[PDB]
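Beneath this line is the structure, given in structure tokens, with notes to follow.
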Amino acid sequence: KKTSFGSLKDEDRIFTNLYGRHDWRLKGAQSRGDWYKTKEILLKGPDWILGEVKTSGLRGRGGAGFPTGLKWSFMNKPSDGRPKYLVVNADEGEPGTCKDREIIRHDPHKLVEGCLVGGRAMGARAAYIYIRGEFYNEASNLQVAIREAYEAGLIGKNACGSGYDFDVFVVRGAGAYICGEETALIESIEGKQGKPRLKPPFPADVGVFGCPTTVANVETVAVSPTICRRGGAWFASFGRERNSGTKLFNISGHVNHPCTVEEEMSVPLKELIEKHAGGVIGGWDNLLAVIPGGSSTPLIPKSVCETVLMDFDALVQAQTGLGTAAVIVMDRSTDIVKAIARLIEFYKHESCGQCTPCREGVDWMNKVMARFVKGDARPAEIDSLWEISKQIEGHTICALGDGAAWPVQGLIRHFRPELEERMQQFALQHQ
Amino acid sequence: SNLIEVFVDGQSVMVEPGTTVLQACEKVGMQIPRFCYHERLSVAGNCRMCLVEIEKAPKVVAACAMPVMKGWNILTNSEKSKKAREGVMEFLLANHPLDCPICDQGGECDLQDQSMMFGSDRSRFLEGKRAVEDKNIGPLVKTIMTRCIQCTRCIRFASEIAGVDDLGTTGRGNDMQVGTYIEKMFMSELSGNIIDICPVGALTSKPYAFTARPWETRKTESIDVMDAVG
Amino acid sequence: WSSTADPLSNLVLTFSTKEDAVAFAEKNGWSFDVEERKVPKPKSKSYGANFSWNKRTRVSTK
Amino acid sequence: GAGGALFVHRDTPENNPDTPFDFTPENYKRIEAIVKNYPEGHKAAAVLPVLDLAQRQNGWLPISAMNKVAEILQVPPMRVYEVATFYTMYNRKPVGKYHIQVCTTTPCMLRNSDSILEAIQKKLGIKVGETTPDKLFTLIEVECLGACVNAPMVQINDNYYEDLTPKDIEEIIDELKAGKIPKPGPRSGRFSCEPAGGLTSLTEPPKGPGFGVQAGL
Amino acid sequence: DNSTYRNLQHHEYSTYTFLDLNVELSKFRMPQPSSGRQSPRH
Amino acid sequence: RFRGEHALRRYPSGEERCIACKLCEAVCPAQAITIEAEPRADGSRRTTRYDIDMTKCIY
Ligand SMILES: NC(=O)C1=CN([C@@H]2O[C@H](COP(=O)(O)OP(=O)(O)OC[C@H]3O[C@@H](n4cnc5c(N)ncnc54)[C@H](O)[C@@H]3O)[C@@H](O)[C@H]2O)C=CC1
Ligand SMILES: Cc1cc2nc3c(=O)[nH]c(=O)nc-3n(C[C@H](O)[C@H](O)[C@H](O)COP(=O)(O)O)c2cc1C
Ligand code: SF4
Ligand code: SF4
Ligand code: SF4
Ligand code: SF4
Ligand code: FES
Ligand code: FES
Ligand SMILES: [Mg+2]
């Protein structure tokens, strides 16, 4: 019914300690409403939690945007003989994304309680949190929060006056972006290289240690405890239909005040940047391009970002996709092709090398983009590069090939004249 | 019984549950292109040369690892599957070395034959190729590492059949290499078979090097007498 | 060079079925040995069996 | 661009299977705890932590450390070699006391990341990947560290320093040289990534427990 | 209230903080499940 | 373009260009070429026998 989104009240946010000003510790969390009526949520049943998540309209906050209730119900099959596990993905690999880090460092207890609630909903025996290897202080804070929860009896032996036993383990990665991918996450947990496995089987069938597993983003896990307490309907109302809820937006690049802020879902991009980022550097007329959902999403120019919303459907209709809600802005004083080439170079150093399309094609793309930056190529190559991207995309084991091909496609589609001009200039200066 | 009906090119076939798309195509008489899949080894899915189109599905599936579903109509000679094969073959040949005249696997190369029957007839690769250093794993298997396509057949055979965990992949992405990471000889009574399973000239026979071409050889079926297995 | 004395060293014939070859050999008066066709038996392949919970099949690497 | 690091090991007097390495008894207790977390069937899962612990005891990973980890966890040494050569936080070569990583990915590069890298190079007089002669500092260019909002930033020995200017990184370097430990976190006193002068969200005091709970619970 | 930053303690974390906390935490964990054998290679 | 007597060439360094690939032997319409090869003492891929029958050659 509502038509305008982006005015979210201060009291109406979920991460009330996003900036780490309140005492995050267990005492502070309780003061902010955390660990309230957990037993009531545990005792009410897993089916009730799954129904609340379904009616909440919640979708994966990681990037895919898949309905989380559907996955957690995929777990809801009866027992098999194997233990069931809930793995929380805290890899936080994507460039320009810092949301997971802030809600782990300054607010761990909501993550722990969401882990417990999701484990109860999915019948999981324990929770494994794969924290990034670089996030050492964040991991230590999460560990001490888990220790505090264990001391208070909030997790572990009976975990409550409930009768449900649940453990929360924290495992640390070692410098690997591919380990963020859920199957590569599982492989890294099991002590092998972070190479993704094929699907099927899905983690709900054969996951960590061969046991049924559900992998969820840190942001997705945190909202569930609050969602259960305030109800599915309250969460559903925000944003548009099939895009319900509130989202954490990380605005960076060429802005006056780069910041992480939680806001309503279908907020206009320009309104969000002006309100929270302080506006783009040099005024809105200085803007050249925006990458809305981290490096794995195609860029959009000013004419598209003028009147574009921020959710899955609208950003897909803009041929970008929401992704990880990671806004990176670029004004007209920066080399856009250099930025895209740097992204492709990053993807070249972050591929696991398992399958030939991603490995060979992404190395080829990096070399081609390096040649493009100097204009050393010819115009007829541009279409060739496009075809390369098409070949790599949809033929790989995991979606890292997609995340390497899409930026190239967006750059070509929106700035082919720039590449042709650079090539012509190189030809002139070299004869 | 428990057989399910699947269609390969519009033709009905009855298969067991868990049968892969590749085996369903086999039962009708087609061989799907492959480099990493082997019947005797565990499924890998690395090569992506088995990608085939399932009708009314936008994404191609790996035939060597995807179990067939009831009522599925595989489209093996569809335009999408042919384009996927050409793209994968292009990626495979982008970094491959121009070693065919000096390679001991000239007329017995799966890479060559599958390029001829499923790839394109030309290249659009304008960059420079890569080169990795060779490894020494004993006097029986000659290793020329640049030719290797990272199929991982040798690793799976060593770990599962020979029972030896000496072979592995080191590094990441484009620079990932198959070897031992240390100077160590892979020696076992079953060590030579990795020459046969290797589709390329990365692993060749050392005593047999440079002596003959496959089209010249006359093949005589006979029996081993070095033991009582026969 | 390699010298020979038999005219039938390079003679190889192709047939659709075993019966056709047997008939040709019988009508041409040649004693023959017939070998039954070897077929690779069907095999049970499962990708998920690689990631086994308790069985020996689980792979150490991939 | 190119990697520059080899993925084959050749025996060296300071890097060989006979190089002395072992675990401190407290590190052995830590190893026992780490193994305990996983199910009693799959002790192979502990390889990433234990290896890391070995590095935290030594500063780098010789082949002897990998062999010891494989022997303790009863896994083939080749698997430990794959794990060591796969993940980029493992040092298979000796490294300086302070390991400086400067992120140069596009979000950090946009906010003038190259100036900080060049300032560090000028201060230390070493190239991008070299090490200072007195075995004190090491400079590495890495991928995004998840601190894009605080860009430009560099990470040294588990410590994050965000919102650097050239000057700020010079004070960080010579304060590390002096002997004391600089305080981690962003510079300019913006207190972990809210708007510098905006403060547009989370202003009024946070709500008390049970504020939004629905009826019947 | 709002102005003070409360995440400073992590200014005094040592190199062994994570593993020491895990060692302390090990006594609160439920017994691990078992697959039946000592290792998949057994 | 004239086709006359056959010859084996070598590189400017002085090593023979032939690598014993046996493609000339395979393509020869008259089977006039006979080749035998083995690894040289330095490990090079060189022929030990390269015969052409001028009386079977069709030039
Ligand atoms: N938050 C971060 O740091 C990063 C996020 N990403 C985002 O990850 C996205 C791609 O991730 P994917 O997992 O590959 O997309 P996906 O749609 O294939 O799967 C995502 C989730 O949906 C589940 N799922 C999907 N289809 C299913 C089915 N038929 N049955 C059961 N479960 C199913 C999967 O189990 C998985 O948990 C990208 O859009 C990217 O933006 C990428 C890099 C980093
Ligand atoms: C290369 C790659 C890296 C990824 N990295 C992450 C990550 O760091 N964090 C994350 O939550 N999801 C990541 N994802 C997507 C995961 O699939 C996602 O975490 C998981 O499906 C859970 O999503 P949900 O929380 O929306 O259910 C990545 C996907 C790919 C292809
Ligand atoms: S697409 Fe890249 S990262 Fe993903 S499995 Fe293939 S090689 Fe590995
Ligand atoms: S392995 Fe095959 S394609 Fe590669 S050089 Fe040898 S013959 Fe040519
Ligand atoms: S050496 Fe041969 S079998 Fe082994 S990975 Fe390379 S191509 Fe495959
Ligand atoms: S064998 Fe024949 S084709 Fe091959 S290099 Fe020697 S002369 Fe040339
Ligand atoms: S044969 Fe299927 S991916 Fe290689
Ligand atoms: S891009 Fe530098 S920390 Fe993310
Ligand atoms: Mg071979």
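Derivation of every value follows stated rules applied to the coordinates shown; laboratory data play no part. Cβ coordinates were reconstructed from backbone atoms using ideal geometry, including for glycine residues, and neighbour counts include every protein chain displayed.
Ordered by the number of other Cβ atoms lying within 10 Å of each residue's own Cβ, fewest first, A:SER384, F:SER13 fall into the sequence F:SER13, A:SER384. Residues D:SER64, A:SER296, A:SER237, ranked from the fewest to the most other C-beta atoms within 10 Å, line up as A:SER237, D:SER64, A:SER296. Working from Cα pairs under 8 Å separated by at least six residues, relative contact order for chain A is 16 percent. With 5 Å bins beginning at zero, the pair-distance distribution over Cα atoms of chain B amounts to 1, 6, 12, 15, 16, 16, 13, 10, 7, 3, 1, 0 %. Here's how it looks for A:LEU288: its modeled amide H is under 5 Å from those of A:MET330, A:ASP331, A:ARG332, which are all 5 or more places away or on a different chain.
By the helix-only formula, in which each DSSP H run with n ≥ 4 contributes -39500 (n - 2.57) and the sum is divided by residues, the protein assembly as shown has a 222 nm mean residue ellipticity of -9500 deg cm²/dmol.
For F:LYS22, the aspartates and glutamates whose Cα falls under 16 Å of its own Cα, not counting residues fewer than eight places away in the same chain, are B:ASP99, B:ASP104, B:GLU108, B:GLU216, F:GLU36, F:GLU38, F:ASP51, F:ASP53.
Building the convex hull from the alpha-carbon atoms of the stretch D:53-166 and averaging its projection over directions returns 7.7 nm². Rg/Rh for chain A (Cα atoms only, Rh after Kirkwood) is 0.99. Relative to its Kirkwood radius, the Cα radius of gyration of the stretch A:336-430 gives an Rg/Rh of 0.98. Neighbour counts of other Cβ atoms within 10 Å put B:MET117, D:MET66 in the fewest-to-most order B:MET117, D:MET66. Near the amide H of A:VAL267, within less than 5 Å, lie the amide hydrogens of A:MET310, all on another chain or at least 5 residues away, with H placed in the peptide plane. The phi torsions of the stretch A:62-68, fed into the Karplus equation with coefficients 6.51, -1.76 and 1.60 and a -60° offset, translate into couplings of x, x, 4, x, 7, x, 6 Hz, rounded to whole numbers, with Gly and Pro shown as x. Treating each Cα of chain F as an identical point scatterer and summing with the Debye formula, the log10 of I(q)/I(0) at q = 0.12, 0.14, 0.15, 0.23 Å⁻¹ comes to -0.33, -0.45, -0.51, -1.04. Applied to the stretch D:51-62, the Karplus parametrisation 6.51 cos²θ - 1.76 cosθ + 1.60 on θ = phi - 60° returns per-residue 3J(HN,Hα) values of 3, 3, 4, 4, 4, 5, 8, 10, x, 8, 10, x Hz, with x for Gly and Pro. Residue-wise HN-Hα couplings along the stretch A:348-357, as the Karplus relation 6.51 cos²θ - 1.76 cosθ + 1.60 with θ = phi - 60° gives them from phi, are 5, 7, 10, 7, 7, x, 5, 9, 5, x Hz; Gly and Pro carry x. Translational D (Stokes-Einstein, µm²/s) of the stretch A:1-110 at 25 °C and 0.890 mPa s when Rh comes from the Kirkwood sum over C-alpha pairs? It comes out at roughly 145 µm²/s.
Taken residue by residue and averaged, Cβ atoms of other chains lying within 10 Å of the Cβ of A:143-155 number 3.
Applying a DSSP loop filter and a limit of 16 other Cβ atoms within 10 Å to the GluC sites (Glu not before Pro) in chain C leaves C:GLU35, C:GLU36. Annotation: amide H of A:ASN217 within the under-5 Å range of A:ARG61, A:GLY62, A:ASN89, sequence separation 5 or more or interchain, hydrogens built in the peptide plane.
Mean-square fluctuations from a GNM of chain A, with a 10 angstrom spring cutoff on Cα atoms, peak among A:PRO298, A:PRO379, A:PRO407 at A:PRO379.
Scanning chain A for GluC sites (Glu not before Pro) in DSSP loops with at most 16 other Cβ atoms within 10 Å, what's the longest stretch left with none? The answer is A:1-240. If you take the square roots of the eigenvalues of the alpha-carbon gyration tensor of the stretch B:170-230 and sort them as a ≥ b ≥ c, do you get rounded (a/c under 1.5), prolate (a/b over b/c) or oblate? Cα axes put the stretch B:170-230 in the oblate bin.
A Stokes-Einstein calculation at 10 °C with viscosity 1.306 mPa s, built on the Kirkwood radius of chain C over Cα pairs, returns a diffusion coefficient of 92 µm²/s. In the protein assembly as shown, what % of DSSP beta bridges are antiparallel (nearest 5)? Counting DSSP beta bridges with both partners in the protein assembly as shown, the antiparallel share is about 60 percent. Counting only Cβ charges, +1 for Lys and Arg and -1 for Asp and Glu, the dipole size of the stretch A:26-237 around its Cα centre is about 400 debye. Under conditions of 37 °C and 0.692 mPa s, the protein assembly as shown yields 104 µm² s⁻¹ as its translational diffusion coefficient, taking Rh as the Kirkwood radius over Cα pairs in the Stokes-Einstein equation. Over chain B, Cα pairs under 8 Å with separation of 6+ residues give a relative contact order of 17 percent.
Could you name the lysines in cross-link range of A:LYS54, using Cα to Cα under 22 Å and dropping any fewer than eight places away on the same chain? Within reach: A:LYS1, A:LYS2, A:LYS37, A:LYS39, A:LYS44, A:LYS71, A:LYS77, A:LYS84, A:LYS110, A:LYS247. Here the average projected area of the convex hull drawn through the C-alpha atoms of the stretch A:247-331 stands at 4.3 nm². For the stretch A:336-430, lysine pairs with C-alpha atoms less than 16 angstrom apart, excluding pairs fewer than eight positions apart on the same chain, total 4. The Rg/Rh ratio for chain E is 1.30, where Rg is the radius of gyration of the alpha carbons and Rh is the Kirkwood radius. Taking 18 Å as the cut-off, the amide N atoms of the stretch D:120-147 that come nearer than this to a point 7 Å along the Cα-to-beta-carbon line of D:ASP174 belong to D:120-126, D:137.
The calculated FRET efficiency for A:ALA380 paired with A:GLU418, based on their beta-carbon distance and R0 = 22 Å, is about 0.85. The alpha-carbon of C:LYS38 sits under 28 angstrom from the alpha-carbons of these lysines, leaving out residues fewer than 8 places away in its chain: B:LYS27, B:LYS219, C:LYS18, C:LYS27. With K and R counted +1 and D and E -1, the other residues having a Cβ less than 14 Å from that of A:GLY51 yield a net charge of +1.
Summing charges over all other residues whose Cβ lies under 13 Å from the Cβ of B:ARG40, with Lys and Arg as +1 and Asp and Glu as -1, gives +2.
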